[PDB]
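Worksheet: the structure to be examined is printed underneath.
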Ligand SMILES: [Cu+2]
């Protein structure tokens, strides 16, 4: 599934921001508008026993050019909360369900 970082009107959002995938399906996050951006999974808001370090950017890492991507595949089922670190407060948050 492709997820834009930043809406085409420059809104600070994931598009889409809530979605479901099957296990081992790839998510391609692509720098769209309003970057730099990143993708960080909430360690306290993913399935038990998942290593967030395996599926996220560092807080300190950025995608700073149009079209840079980060890709990830999730396998454990459950809900995963993620955010953009610099824009979390702006509401640039999402949630994926692996079902
Ligand atoms: Cu952002």
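Per Swiss-Prot, chain A residues shown: 70-168, in order.
Positions of Cβ are set from backbone N, Cα and C atoms, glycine also.
Record features (Swiss-Prot):
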- 70-168: domain 'Plastocyanin-like' (DOMAIN)
- 106, 153, 156, 161: Cu cation binding site (BINDING)
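Structure with Swiss-Prot features highlighted.
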| residue | record | Cβ within 10 Å |
| --- | --- | --- |
| 106 | Cu cation binding site | 26 |
| 153 | Cu cation binding site | 28 |
| 156 | Cu cation binding site | 19 |
| 161 | Cu cation binding site | 23 |
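Across the range of the domain 'Plastocyanin-like' (70-168), the DSSP-based residue counts are 4 helix, 37 strand, 58 coil.
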